[PDB]
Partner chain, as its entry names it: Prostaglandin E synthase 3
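We begin with a single chain expressed as structure tokens, specifically the form solved without its partner chain.
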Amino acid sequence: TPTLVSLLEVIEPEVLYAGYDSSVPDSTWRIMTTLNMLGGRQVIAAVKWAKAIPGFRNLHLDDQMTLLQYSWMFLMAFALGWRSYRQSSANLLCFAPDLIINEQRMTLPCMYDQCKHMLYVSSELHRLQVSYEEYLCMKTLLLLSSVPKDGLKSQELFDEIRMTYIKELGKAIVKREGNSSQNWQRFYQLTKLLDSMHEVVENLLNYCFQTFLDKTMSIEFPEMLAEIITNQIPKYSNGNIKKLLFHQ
């Protein structure tokens, strides 16, 4: 009264519509271009959400730019994983109410590769039966899970914020169960999924950056994603990325 997890619940971005036209047969171009446009709108919701996260607007504006530019795909993939889990038991990729990627759509050329990585996040969320509260704390933690090699400007403050959300996730795990050995075992399992997201997003961005730089594919990108991708392409090499892991 008020908990940080109830604040996260209030600020959780709404499920947006794709604006997909289903009165014309499917094609990979139409689906990927639509998911790109929808993706730019999801990035906007994520920035608006980050601004309401207690502690974030205390970081310097360059750190705020930095974390969103590094974490945007982690948020989208994780929230897609959550929706696909609750709505289909991780069988369908529930991008938008008007655009579900079912078995048929996955078989479309170029589709399956990016899809399997998304279905892995949802498979894991399903297999661990992640609760709403654990999901909200995990998602905040994914915004604070990658920083530059040399660090952020508000480093001590960033460390305070991340610790706050590591403790919120702890409380959501305790509330869900209440057994001390099973508590840390569940913390281990949830935190393992957070760690494994680094590789999921590394594969998502490697295909995403290939599609963005591909002159032949002609797949469109929204202006918001076009600018983040322009920055993050040189950030992968030389590697100015420090993964903040819970295990290793």
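Residue numbers count along the first chain shown, from 1.
In what follows, reference is made to the form deposited with its partner chain bound, a form of this protein that is not presented.
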Can you tell me if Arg127 lies within 4.5 angstroms of its partner chain in the deposited bound form, counting non-hydrogen atoms only?
no
Is the gap between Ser196 and its partner chain in the deposited bound form 4.5 Å or less for some heavy atom pair?
no
Are any of the heavy atoms in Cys115 no more than 4.5 Å from a heavy atom of its partner chain in the deposited bound form?
no
Please check if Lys149 has a heavy atom lying within 4.5 Å of any heavy atom of its partner chain in the deposited bound form.
no
Would you give me the residues of 134-170 that have any heavy atom within 4.5 Å of its partner chain in the deposited bound form, in order from first to last?
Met163, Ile166, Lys167, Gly170
